[PDB]
4 protein chains.
Amino acid sequence: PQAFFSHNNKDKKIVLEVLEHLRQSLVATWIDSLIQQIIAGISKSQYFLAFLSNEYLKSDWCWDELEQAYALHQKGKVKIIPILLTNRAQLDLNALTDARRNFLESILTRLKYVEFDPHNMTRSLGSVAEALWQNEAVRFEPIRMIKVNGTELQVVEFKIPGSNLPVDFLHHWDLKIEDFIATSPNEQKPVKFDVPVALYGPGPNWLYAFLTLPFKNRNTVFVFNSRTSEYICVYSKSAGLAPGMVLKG
Amino acid sequence: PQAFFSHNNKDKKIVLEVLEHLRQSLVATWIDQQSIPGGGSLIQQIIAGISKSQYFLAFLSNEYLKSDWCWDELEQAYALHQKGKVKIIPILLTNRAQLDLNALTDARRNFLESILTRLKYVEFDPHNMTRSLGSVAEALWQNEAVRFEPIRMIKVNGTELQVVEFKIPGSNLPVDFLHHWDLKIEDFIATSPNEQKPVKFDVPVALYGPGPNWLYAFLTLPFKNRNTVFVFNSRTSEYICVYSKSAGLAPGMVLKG
Amino acid sequence: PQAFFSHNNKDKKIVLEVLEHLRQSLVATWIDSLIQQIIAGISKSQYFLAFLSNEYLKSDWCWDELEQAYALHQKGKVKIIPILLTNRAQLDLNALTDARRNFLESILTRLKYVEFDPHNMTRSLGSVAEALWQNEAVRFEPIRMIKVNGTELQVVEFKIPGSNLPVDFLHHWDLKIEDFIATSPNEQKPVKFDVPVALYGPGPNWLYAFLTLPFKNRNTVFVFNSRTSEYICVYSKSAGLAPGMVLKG
Amino acid sequence: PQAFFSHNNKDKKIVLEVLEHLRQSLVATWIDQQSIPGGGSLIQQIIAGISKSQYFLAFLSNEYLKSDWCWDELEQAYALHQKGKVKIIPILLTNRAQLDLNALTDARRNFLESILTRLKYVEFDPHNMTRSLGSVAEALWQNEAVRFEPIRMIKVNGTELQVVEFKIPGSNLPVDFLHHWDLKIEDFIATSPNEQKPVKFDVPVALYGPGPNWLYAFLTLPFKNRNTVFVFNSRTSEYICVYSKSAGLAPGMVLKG
RNA sequence: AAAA
RNA sequence: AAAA
Ligand SMILES: Nc1ncnc2c1ncn2[C@@H]1O[C@H](COP(=O)(O)OP(=O)(O)OC[C@H]2O[C@H](O)[C@H](O)[C@@H]2O)[C@@H](O)[C@H]1O
Ligand SMILES: Nc1ncnc2c1ncn2[C@@H]1O[C@H](COP(=O)(O)OP(=O)(O)OC[C@H]2O[C@H](O)[C@H](O)[C@@H]2O)[C@@H](O)[C@H]1O
């Protein structure tokens, strides 16, 4: 899915870090307009990431977009999820006018919010990830680099919410893995360039085919077979690895 | 699995037909001046690839027993089969009773009798084409891993599709099966509509048949930018598409079959 | 994609630097009028690079050209993107008249802008380039000099926005590389004279043919194949190199 | 790859035809007093170029099976083929049954038998021109890298064009393959319309067939300032133009195929 | 055939 | 044949 970030320049340090963590989870992140950019793709367009902070709400030009974003979210095109840089209690709610205060209280009452803090980085990042992926289909755990049996490999982990998906779910999915592959070693991307990529997690075989197929001539693809709980190679794009090698997981 | 053909031109009419049937079943076929740029002919063509090299096709016929040009070939083929490099499977063009055994010498007759007794054979008859073809295909696939039924040109829900059917003998395979397999599917797709090949050019291909996920991935992977790939899912029993290489075909729709 | 710079003589030092950096990215750049060559070429003419500066806004004989540029820009023949020498806050807007100030606010708000600073040169230049290539087809990263396996070489890096292009895209492209090859060692051009040039980056083979073909009898052409990740030489216009030699990654 | 033709004038009618067909397939065809500005006859031409020198096309025939002279060169070709510099592809103008073996001496007969059994040969018949021509083309291309089918002149969407087919045996080539290739396109480009050559002058040329991008670039690059170049992309199966050397043809248009 |  |  897509995810746009709305923020102030003061919290850029946190914004870039959360952006990097999200991009590590195979979600399209665009920062730099954003409101006319909303009407694009399918009804499953994206989710709005609003980063609420004390110096942030003092700017009206940081607020008109969110006002009209609520206006266009009531029609169901997009959904907003607010991020509290500071806790609810110490938010400067006095400075704003009456209408601003009521709209903010409505947005933090009728709409579920999650809180972010710098001290608990791991917990805050996990909470924003889960509260961001609560209303969506199969997840995508962040890429982890693990060296198995002397062979370097990066593994993408996905978990199915529930036990089944609609048979035509692939039609309405808006994620394609082609643009999430690094082209150069120096370039930063969710998937390391030329580094073997493995598939992990239970799921229907057609989703496995859809994930593995676009990787031709880009990276060698490993896949997990739970019958014996080991990795299996299907593509030989790097010398020294043949299709059929097994990695003791 | 490769297959080297030994025959005579008097049987070319049936050799071409059996070759076409085998090629429609995802099997590498090799006839006269064919491929393997090595020594060539056939006898030195045996020694290439993995221990699962091929299954010899000795098209025995009443007139085949002449022309020592082929009997020496069969002799060397069995000699190197005794080492286990290749396994011979004979095809009897005519029924066993009316083979002109008297024409052969004593040594040739003894060799042929030993071959036809120790080693199983397949009877072939022009009259019953489909049963003989099924018999020879099943005999070829008998001592092998997951089979491959002939590609079938079927029309589903208004869109044209070809399916590749594979059945697993038993219900499990060694986890390192893919290492020793001698089938590379990317060479069996035609580049032009008129060119004859196991897979029609640009026609969507669907994988059907129960099996492990890694086999499915290895089979759908080399098809990228060649043919739109459909996949059969047994949970609700309709084909599932994972490529958009042809106009009007998007990844995700269903074909109720 | 051509690029027309309208600016003042005061910031000419940074104008020339941004010009050189842009030219290094295979972007056609013209400086020395600017209003009437706008009608030339194809519908994709260029994007106007109007240099917004505090000294610039006091020059009405440089305001008029921007006015006519925007007047034509309603029709969509050209589009203007502004570069901010100073931060948006410290502009001298009060001395401006009512109509000109309103026009400046309209263009600054309804149209996205980008901010430049003399200190952080690298990130500012990267942002300028990204703003240039936002709405365009396949990108073009700046040419870099790398000696691979003891052989001098420059790589032309191009990135596909997304994973597919229109099949008839080549018809409407406004880039031919024949004008971007140096004819003399002294003459400064994006492609240095007689040195090997390589094409690196994923893309369809027809684009590779189009980008390699005009190079005949000009420079030895290298190419990168990602199957095993080494460069491949296809043309030998210089001694010591043969078609078929490899450069290890 | 090169091809040297050894024959007799009694078979010139078919020799010129097969040579023309071969030249249509982008292979170097050398005949008497025709090429090699650094030698003469046919024998010492072998010591030239790379280890992939050429394949000897010995046009065996009943009238050829004598012409004493021919033998000396046939013997030398075989003797230096034992070193592996050249290969011999014998062409039987007549079937081997009516080959007058009795006229030859014991040494010549023994040598002919040895070369006929140990080395693969191709039968040629006047009646089946297409099949025999395809067979000899396959004989040429069997022990080589990516092969070239004959150039076909086809009009697509009302636009004149020719296509150079090329198919890669197997699925991959050595990365350094381009170093050892003996095929350069420049030598096969016509200079005048009346001049006969594999590539017609100024006629648009289309590259079609699956292969690596570097091979595509190498095959298209020498075409600058000579002919308009078309490239086939399999994403939508349409021809794409990359050069505008003829009026009315801009780089970027598509040809529905 | 929903990690067989 | 969209870095095979
Ligand atoms: N396809 C055929 N073409 C020509 N003659 C044939 C063919 N099939 C059978 N015969 C005849 O039947 C006998 C076949 O033996 P022979 O071919 O002489 O010699 P070998 O056993 O060492 O095979 C040489 C190979 O090289 C070539 O590629 C051939 O096609 C072979 O595959 C002779 O009477 C043939 O004329
Ligand atoms: N290409 C040929 N053209 C004409 N006659 C030929 C040819 N090939 C064989 N013969 C006949 O084969 C017999 C033996 O002479 P030959 O094998 O020719 O000699 P060589 O290999 O030292 O080349 C000389 C050729 O080169 C010149 O270009 C001419 O064409 C010469 O023929 C004669 O009856 C020839 O007529």
# chains A, B, ... in the order shown; residues from 1 in each chain; ligands from 1
$ residues_around --residues "residue 77 in chain C" --least-positions-apart "3" --cutoff "8 Å" --atoms "only C-alpha atoms (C1' of nucleotides)" --output "list in words"
residues 38, 39, 43, 44, 45, 72, 73 and 74 of chain C
$ residues_around --residues "range 2-4 of chain F" --least-positions-apart "5" --cutoff "6 Å" --atoms "only C-alpha atoms (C1' of nucleotides)" --output "ChimeraX atom specification"
/C:202-204,225-226 /D:211-212
$ write_last_selection --atoms "N, CA and C atoms" --output "PDB file, in the first residue's frame"
ATOM      1  N   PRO C 202      18.601  -1.241 -15.158  1.00  0.00           N
ATOM      2  CA  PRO C 202      17.577  -2.089 -15.776  1.00  0.00           C
ATOM      3  C   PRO C 202      16.738  -1.321 -16.784  1.00  0.00           C
ATOM      4  N   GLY C 203      16.353  -2.020 -17.849  1.00  0.00           N
ATOM      5  CA  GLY C 203      15.553  -1.433 -18.895  1.00  0.00           C
ATOM      6  C   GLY C 203      15.336  -2.380 -20.057  1.00  0.00           C
ATOM      7  N   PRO C 204      14.306  -2.115 -20.856  1.00  0.00           N
ATOM      8  CA  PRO C 204      14.040  -2.965 -22.021  1.00  0.00           C
ATOM      9  C   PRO C 204      15.141  -2.846 -23.064  1.00  0.00           C
ATOM     10  N   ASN C 225      25.290  -6.467 -17.935  1.00  0.00           N
ATOM     11  CA  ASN C 225      24.329  -7.561 -17.896  1.00  0.00           C
ATOM     12  C   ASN C 225      24.216  -8.066 -16.465  1.00  0.00           C
ATOM     13  N   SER C 226      22.989  -8.116 -15.951  1.00  0.00           N
ATOM     14  CA  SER C 226      22.748  -8.428 -14.549  1.00  0.00           C
ATOM     15  C   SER C 226      22.633  -9.920 -14.272  1.00  0.00           C
TER      16      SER C 226
ATOM     17  N   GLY D 211      16.965 -13.202 -26.390  1.00  0.00           N
ATOM     18  CA  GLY D 211      18.387 -13.212 -26.148  1.00  0.00           C
ATOM     19  C   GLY D 211      18.822 -12.112 -25.202  1.00  0.00           C
ATOM     20  N   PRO D 212      20.061 -12.190 -24.726  1.00  0.00           N
ATOM     21  CA  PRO D 212      20.570 -11.164 -23.812  1.00  0.00           C
ATOM     22  C   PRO D 212      20.698  -9.812 -24.497  1.00  0.00           C
TER      23      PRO D 212
END
$ interface_residues --of "chain B" --to "chain A" --cutoff "10 Å" --atoms "only C-alpha atoms" --output "number ranges by chain"
B: 172, 174-181, 211-225, 229-243, 250-254
$ write_last_selection --atoms "N, CA and C atoms" --output "compact mmCIF listing (two decimals), in the first residue's frame"
# COMPACT_ATOMS: atom_id res chain seq x y z
N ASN B 172 5.49 -37.64 -2.02
CA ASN B 172 6.60 -36.86 -1.50
C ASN B 172 7.82 -37.06 -2.37
N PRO B 174 12.34 -36.11 -2.39
CA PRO B 174 13.49 -35.61 -1.62
C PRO B 174 13.59 -34.10 -1.74
N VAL B 175 14.02 -33.46 -0.64
CA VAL B 175 14.09 -32.01 -0.60
C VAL B 175 15.11 -31.46 -1.58
N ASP B 176 16.05 -32.29 -2.04
CA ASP B 176 17.04 -31.88 -3.03
C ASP B 176 16.74 -32.42 -4.42
N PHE B 177 15.46 -32.66 -4.73
CA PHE B 177 15.09 -33.17 -6.05
C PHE B 177 15.46 -32.18 -7.15
N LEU B 178 15.23 -30.88 -6.90
CA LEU B 178 15.48 -29.87 -7.92
C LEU B 178 16.93 -29.83 -8.37
N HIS B 179 17.86 -30.33 -7.55
CA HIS B 179 19.27 -30.30 -7.91
C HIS B 179 19.56 -31.21 -9.10
N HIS B 180 18.99 -32.42 -9.09
CA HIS B 180 19.32 -33.44 -10.08
C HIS B 180 18.37 -33.46 -11.27
N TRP B 181 17.35 -32.60 -11.30
CA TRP B 181 16.39 -32.63 -12.39
C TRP B 181 17.05 -32.17 -13.69
N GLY B 211 1.11 -30.43 -5.60
CA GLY B 211 2.54 -30.52 -5.42
C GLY B 211 3.08 -29.50 -4.45
N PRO B 212 4.37 -29.60 -4.14
CA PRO B 212 4.98 -28.64 -3.22
C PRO B 212 5.05 -27.24 -3.82
N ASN B 213 5.10 -26.25 -2.94
CA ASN B 213 5.11 -24.86 -3.38
C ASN B 213 6.39 -24.51 -4.15
N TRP B 214 7.53 -25.08 -3.74
CA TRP B 214 8.78 -24.73 -4.39
C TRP B 214 8.83 -25.22 -5.83
N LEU B 215 8.24 -26.38 -6.11
CA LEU B 215 8.12 -26.83 -7.50
C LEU B 215 7.28 -25.86 -8.32
N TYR B 216 6.17 -25.39 -7.75
CA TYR B 216 5.34 -24.42 -8.45
C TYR B 216 6.11 -23.14 -8.74
N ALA B 217 6.87 -22.64 -7.76
CA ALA B 217 7.65 -21.43 -7.98
C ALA B 217 8.72 -21.65 -9.05
N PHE B 218 9.41 -22.79 -8.99
CA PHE B 218 10.45 -23.08 -9.97
C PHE B 218 9.87 -23.23 -11.37
N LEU B 219 8.61 -23.65 -11.47
CA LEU B 219 8.01 -23.81 -12.79
C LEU B 219 7.44 -22.50 -13.31
N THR B 220 6.94 -21.62 -12.43
CA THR B 220 6.39 -20.36 -12.91
C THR B 220 7.47 -19.30 -13.10
N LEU B 221 8.65 -19.50 -12.52
CA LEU B 221 9.69 -18.48 -12.60
C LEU B 221 10.23 -18.25 -14.00
N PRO B 222 10.66 -19.27 -14.76
CA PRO B 222 11.27 -18.99 -16.07
C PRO B 222 10.30 -18.48 -17.12
N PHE B 223 9.02 -18.32 -16.80
CA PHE B 223 8.03 -17.84 -17.75
C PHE B 223 7.93 -16.32 -17.81
N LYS B 224 8.73 -15.60 -17.02
CA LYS B 224 8.61 -14.15 -16.98
C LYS B 224 8.93 -13.55 -18.34
N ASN B 225 8.09 -12.61 -18.77
CA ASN B 225 8.18 -11.94 -20.07
C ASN B 225 8.12 -12.92 -21.24
N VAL B 229 1.05 -16.28 -16.90
CA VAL B 229 1.02 -17.51 -16.13
C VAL B 229 -0.23 -17.53 -15.26
N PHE B 230 -1.01 -18.60 -15.39
CA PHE B 230 -2.12 -18.88 -14.49
C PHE B 230 -1.71 -20.01 -13.56
N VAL B 231 -2.36 -20.09 -12.40
CA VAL B 231 -2.08 -21.13 -11.42
C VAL B 231 -3.41 -21.66 -10.89
N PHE B 232 -3.50 -22.97 -10.71
CA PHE B 232 -4.71 -23.62 -10.22
C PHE B 232 -4.61 -23.77 -8.71
N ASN B 233 -5.60 -23.24 -7.99
CA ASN B 233 -5.68 -23.35 -6.54
C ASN B 233 -6.86 -24.24 -6.19
N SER B 234 -6.61 -25.27 -5.38
CA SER B 234 -7.62 -26.28 -5.10
C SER B 234 -8.55 -25.91 -3.96
N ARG B 235 -8.30 -24.81 -3.25
CA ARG B 235 -9.18 -24.42 -2.16
C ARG B 235 -10.59 -24.14 -2.67
N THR B 236 -10.71 -23.40 -3.77
CA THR B 236 -11.99 -23.16 -4.42
C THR B 236 -12.02 -23.66 -5.86
N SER B 237 -10.92 -24.20 -6.37
CA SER B 237 -10.88 -24.95 -7.63
C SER B 237 -11.18 -24.07 -8.85
N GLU B 238 -10.45 -22.96 -8.96
CA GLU B 238 -10.39 -22.20 -10.21
C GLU B 238 -8.97 -21.70 -10.41
N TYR B 239 -8.65 -21.42 -11.67
CA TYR B 239 -7.32 -20.92 -12.01
C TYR B 239 -7.12 -19.51 -11.48
N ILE B 240 -5.88 -19.21 -11.10
CA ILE B 240 -5.49 -17.91 -10.57
C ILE B 240 -4.34 -17.37 -11.41
N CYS B 241 -4.45 -16.11 -11.83
CA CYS B 241 -3.50 -15.49 -12.74
C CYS B 241 -2.51 -14.62 -11.96
N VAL B 242 -1.24 -14.68 -12.36
CA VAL B 242 -0.19 -13.92 -11.68
C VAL B 242 0.68 -13.11 -12.64
N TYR B 243 0.30 -12.99 -13.91
CA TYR B 243 0.99 -12.15 -14.88
C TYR B 243 0.00 -11.39 -15.75
N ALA B 250 -5.40 -9.12 -16.56
CA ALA B 250 -4.84 -8.51 -15.36
C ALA B 250 -4.55 -9.58 -14.31
N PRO B 251 -3.54 -9.36 -13.46
CA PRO B 251 -3.21 -10.38 -12.45
C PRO B 251 -4.21 -10.43 -11.32
N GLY B 252 -5.02 -11.49 -11.26
CA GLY B 252 -5.90 -11.68 -10.12
C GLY B 252 -7.27 -12.27 -10.39
N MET B 253 -7.73 -12.23 -11.64
CA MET B 253 -9.08 -12.72 -11.90
C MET B 253 -9.13 -14.25 -11.83
N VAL B 254 -10.34 -14.78 -11.90
CA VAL B 254 -10.59 -16.20 -11.73
C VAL B 254 -11.19 -16.77 -13.01
$ residues_near_ligand --ligand "ligand 1" --cutoff "8 Å" --atoms "only C-alpha atoms (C1' of nucleotides) and all ligand atoms" --output "PDB file with N, CA and C atoms, in the first residue's frame"
ATOM      1  N   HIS B   7      15.767 -45.967 -34.892  1.00  0.00           N
ATOM      2  CA  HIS B   7      14.689 -46.424 -35.757  1.00  0.00           C
ATOM      3  C   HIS B   7      15.218 -46.580 -37.176  1.00  0.00           C
ATOM      4  N   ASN B   8      14.291 -46.787 -38.105  1.00  0.00           N
ATOM      5  CA  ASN B   8      14.570 -46.849 -39.530  1.00  0.00           C
ATOM      6  C   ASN B   8      13.549 -45.996 -40.272  1.00  0.00           C
ATOM      7  N   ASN B   9      13.932 -45.519 -41.460  1.00  0.00           N
ATOM      8  CA  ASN B   9      13.054 -44.626 -42.215  1.00  0.00           C
ATOM      9  C   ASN B   9      11.756 -45.297 -42.651  1.00  0.00           C
ATOM     10  N   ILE B  31      16.312 -36.853 -32.412  1.00  0.00           N
ATOM     11  CA  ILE B  31      16.220 -37.828 -33.536  1.00  0.00           C
ATOM     12  C   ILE B  31      17.493 -37.745 -34.374  1.00  0.00           C
ATOM     13  N   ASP B  32      17.346 -37.725 -35.699  1.00  0.00           N
ATOM     14  CA  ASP B  32      18.528 -37.689 -36.601  1.00  0.00           C
ATOM     15  C   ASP B  32      19.124 -36.278 -36.622  1.00  0.00           C
ATOM     16  N   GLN B  33      20.451 -36.171 -36.760  1.00  0.00           N
ATOM     17  CA  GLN B  33      21.139 -34.851 -36.773  1.00  0.00           C
ATOM     18  C   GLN B  33      20.307 -33.851 -35.969  1.00  0.00           C
ATOM     19  N   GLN B  34      20.144 -34.101 -34.671  1.00  0.00           N
ATOM     20  CA  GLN B  34      19.300 -33.218 -33.828  1.00  0.00           C
ATOM     21  C   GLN B  34      20.191 -32.232 -33.077  1.00  0.00           C
ATOM     22  N   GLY B  40      28.100 -36.503 -31.352  1.00  0.00           N
ATOM     23  CA  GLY B  40      26.970 -36.560 -32.292  1.00  0.00           C
ATOM     24  C   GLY B  40      26.419 -37.963 -32.408  1.00  0.00           C
ATOM     25  N   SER B  41      25.993 -38.337 -33.612  1.00  0.00           N
ATOM     26  CA  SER B  41      25.357 -39.662 -33.768  1.00  0.00           C
ATOM     27  C   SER B  41      24.449 -39.877 -32.560  1.00  0.00           C
ATOM     28  N   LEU B  42      24.629 -40.990 -31.860  1.00  0.00           N
ATOM     29  CA  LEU B  42      23.823 -41.282 -30.683  1.00  0.00           C
ATOM     30  C   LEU B  42      24.644 -41.916 -29.566  1.00  0.00           C
ATOM     31  N   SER B  67      20.110 -54.321 -41.582  1.00  0.00           N
ATOM     32  CA  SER B  67      20.862 -53.075 -41.488  1.00  0.00           C
ATOM     33  C   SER B  67      21.733 -53.042 -40.238  1.00  0.00           C
ATOM     34  N   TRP B  69      24.009 -51.547 -39.447  1.00  0.00           N
ATOM     35  CA  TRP B  69      24.215 -50.140 -39.127  1.00  0.00           C
ATOM     36  C   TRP B  69      23.434 -49.714 -37.887  1.00  0.00           C
ATOM     37  N   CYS B  70      22.368 -50.447 -37.560  1.00  0.00           N
ATOM     38  CA  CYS B  70      21.579 -50.189 -36.360  1.00  0.00           C
ATOM     39  C   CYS B  70      21.794 -51.263 -35.302  1.00  0.00           C
ATOM     40  N   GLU B  73      24.696 -50.314 -33.196  1.00  0.00           N
ATOM     41  CA  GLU B  73      24.238 -49.235 -32.333  1.00  0.00           C
ATOM     42  C   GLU B  73      23.521 -49.794 -31.111  1.00  0.00           C
TER      43      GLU B  73
ATOM     44  N   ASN D  95      22.124 -41.095 -52.708  1.00  0.00           N
ATOM     45  CA  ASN D  95      22.074 -41.966 -51.545  1.00  0.00           C
ATOM     46  C   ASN D  95      23.238 -42.952 -51.602  1.00  0.00           C
ATOM     47  N   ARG D  96      23.720 -43.349 -50.421  1.00  0.00           N
ATOM     48  CA  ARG D  96      24.954 -44.124 -50.343  1.00  0.00           C
ATOM     49  C   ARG D  96      24.838 -45.500 -50.988  1.00  0.00           C
ATOM     50  N   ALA D  97      23.619 -45.983 -51.246  1.00  0.00           N
ATOM     51  CA  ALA D  97      23.466 -47.293 -51.873  1.00  0.00           C
ATOM     52  C   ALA D  97      24.062 -47.311 -53.276  1.00  0.00           C
ATOM     53  N   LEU D 116      32.952 -42.102 -43.571  1.00  0.00           N
ATOM     54  CA  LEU D 116      31.499 -42.160 -43.672  1.00  0.00           C
ATOM     55  C   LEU D 116      30.854 -42.717 -42.411  1.00  0.00           C
ATOM     56  N   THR D 117      31.474 -43.706 -41.768  1.00  0.00           N
ATOM     57  CA  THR D 117      30.889 -44.219 -40.532  1.00  0.00           C
ATOM     58  C   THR D 117      31.252 -43.374 -39.313  1.00  0.00           C
ATOM     59  N   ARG D 118      32.520 -42.976 -39.175  1.00  0.00           N
ATOM     60  CA  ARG D 118      32.910 -42.248 -37.971  1.00  0.00           C
ATOM     61  C   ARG D 118      32.365 -40.825 -37.956  1.00  0.00           C
ATOM     62  N   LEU D 119      32.218 -40.198 -39.119  1.00  0.00           N
ATOM     63  CA  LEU D 119      31.744 -38.823 -39.211  1.00  0.00           C
ATOM     64  C   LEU D 119      30.311 -38.792 -39.723  1.00  0.00           C
ATOM     65  N   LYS D 120      29.481 -37.986 -39.067  1.00  0.00           N
ATOM     66  CA  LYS D 120      28.089 -37.834 -39.459  1.00  0.00           C
ATOM     67  C   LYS D 120      27.988 -37.139 -40.816  1.00  0.00           C
ATOM     68  N   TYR D 121      27.072 -37.631 -41.648  1.00  0.00           N
ATOM     69  CA  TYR D 121      26.857 -37.093 -42.984  1.00  0.00           C
ATOM     70  C   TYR D 121      25.376 -36.777 -43.170  1.00  0.00           C
ATOM     71  N   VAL D 122      25.077 -36.004 -44.211  1.00  0.00           N
ATOM     72  CA  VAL D 122      23.723 -35.540 -44.494  1.00  0.00           C
ATOM     73  C   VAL D 122      23.366 -35.922 -45.923  1.00  0.00           C
ATOM     74  N   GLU D 123      22.236 -36.604 -46.089  1.00  0.00           N
ATOM     75  CA  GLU D 123      21.742 -36.943 -47.415  1.00  0.00           C
ATOM     76  C   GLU D 123      21.050 -35.740 -48.042  1.00  0.00           C
TER      77      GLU D 123
END
$ residues_around --residues "residue 74 in chain B" --least-positions-apart "3" --cutoff "12 Å" --atoms "only C-alpha atoms (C1' of nucleotides)" --output "PyMOL selection string"
chain B and resi 4-7+42-43+56-60+64-65+67-71+77-81+87-90+108+111-112+115
$ select_by_dssp --residues "range 58-100 of chain D" --states "helix (DSSP H, G or I)" --output "number ranges by chain"
D: 68-81, 96-98
$ select_by_dssp --residues "range 204-234 of chain C" --states "strand (DSSP E)" --output "mmCIF file with N, CA, C and O atoms, in the first residue's frame"
data_model
loop_
_atom_site.group_PDB
_atom_site.id
_atom_site.type_symbol
_atom_site.label_atom_id
_atom_site.label_comp_id
_atom_site.auth_asym_id
_atom_site.auth_seq_id
_atom_site.Cartn_x
_atom_site.Cartn_y
_atom_site.Cartn_z
ATOM 1 N N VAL C 221 31.707 1.335 -26.557
ATOM 2 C CA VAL C 221 30.498 1.206 -25.752
ATOM 3 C C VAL C 221 30.597 -0.054 -24.905
ATOM 4 O O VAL C 221 30.800 -1.156 -25.431
ATOM 5 N N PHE C 222 30.464 0.112 -23.595
ATOM 6 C CA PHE C 222 30.308 -0.991 -22.664
ATOM 7 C C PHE C 222 28.837 -1.118 -22.292
ATOM 8 O O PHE C 222 28.050 -0.188 -22.482
ATOM 9 N N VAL C 223 28.466 -2.283 -21.771
ATOM 10 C CA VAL C 223 27.095 -2.545 -21.356
ATOM 11 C C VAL C 223 27.124 -3.501 -20.173
ATOM 12 O O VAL C 223 28.056 -4.301 -20.030
ATOM 13 N N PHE C 224 26.114 -3.405 -19.315
ATOM 14 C CA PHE C 224 26.060 -4.174 -18.079
ATOM 15 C C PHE C 224 24.940 -5.203 -18.154
ATOM 16 O O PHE C 224 23.783 -4.851 -18.402
ATOM 17 N N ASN C 225 25.290 -6.467 -17.935
ATOM 18 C CA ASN C 225 24.329 -7.561 -17.896
ATOM 19 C C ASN C 225 24.216 -8.066 -16.465
ATOM 20 O O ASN C 225 25.226 -8.407 -15.841
ATOM 21 N N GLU C 230 28.447 -8.299 -14.604
ATOM 22 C CA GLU C 230 29.693 -7.741 -15.112
ATOM 23 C C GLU C 230 29.394 -6.890 -16.337
ATOM 24 O O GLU C 230 28.382 -7.076 -17.017
ATOM 25 N N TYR C 231 30.290 -5.946 -16.608
ATOM 26 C CA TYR C 231 30.181 -5.141 -17.813
ATOM 27 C C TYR C 231 30.631 -5.940 -19.031
ATOM 28 O O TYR C 231 31.471 -6.840 -18.945
ATOM 29 N N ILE C 232 30.057 -5.597 -20.182
ATOM 30 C CA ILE C 232 30.325 -6.286 -21.437
ATOM 31 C C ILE C 232 30.635 -5.247 -22.503
ATOM 32 O O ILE C 232 29.890 -4.272 -22.659
ATOM 33 N N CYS C 233 31.731 -5.450 -23.230
ATOM 34 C CA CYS C 233 32.109 -4.569 -24.325
ATOM 35 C C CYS C 233 31.523 -5.094 -25.628
ATOM 36 O O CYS C 233 31.639 -6.286 -25.934
#
$ residues_around --residues "residue 34 in chain A" --least-positions-apart "6" --cutoff "9 Å" --atoms "only C-alpha atoms (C1' of nucleotides)" --output "ChimeraX atom specification"
/A:4-6,65
$ residues_around --residues "range 180-191 of chain A" --least-positions-apart "6" --cutoff "10 Å" --atoms "only C-alpha atoms (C1' of nucleotides)" --output "list in words"
residues 20, 21, 22, 23, 24, 25, 26, 27, 28, 142, 143, 144, 154, 155, 156, 197, 215, 218 and 219 of chain A; 157, 159, 162, 200, 201, 202 and 226 of chain C; 3 of chain F
$ atom_distance --atom1 "CA of residue 50 in chain A" --atom2 "CA of residue 81 in chain A"
6.2 Å
$ residues_around --residues "residue 113 in chain C" --least-positions-apart "4" --cutoff "12 Å" --atoms "only C-alpha atoms (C1' of nucleotides)" --output "list in words"
residues 32 and 33 of chain A; 49, 50, 51, 52, 80, 81, 82, 83, 84, 85, 87, 88, 104, 105, 106, 107, 108, 109, 127, 128, 130, 131 and 132 of chain C
$ residues_around --residues "residue 125 in chain A" --least-positions-apart "3" --cutoff "8 Å" --atoms "only C-alpha atoms (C1' of nucleotides)" --output "ChimeraX atom specification"
/A:18,21,116,121-122,128-129
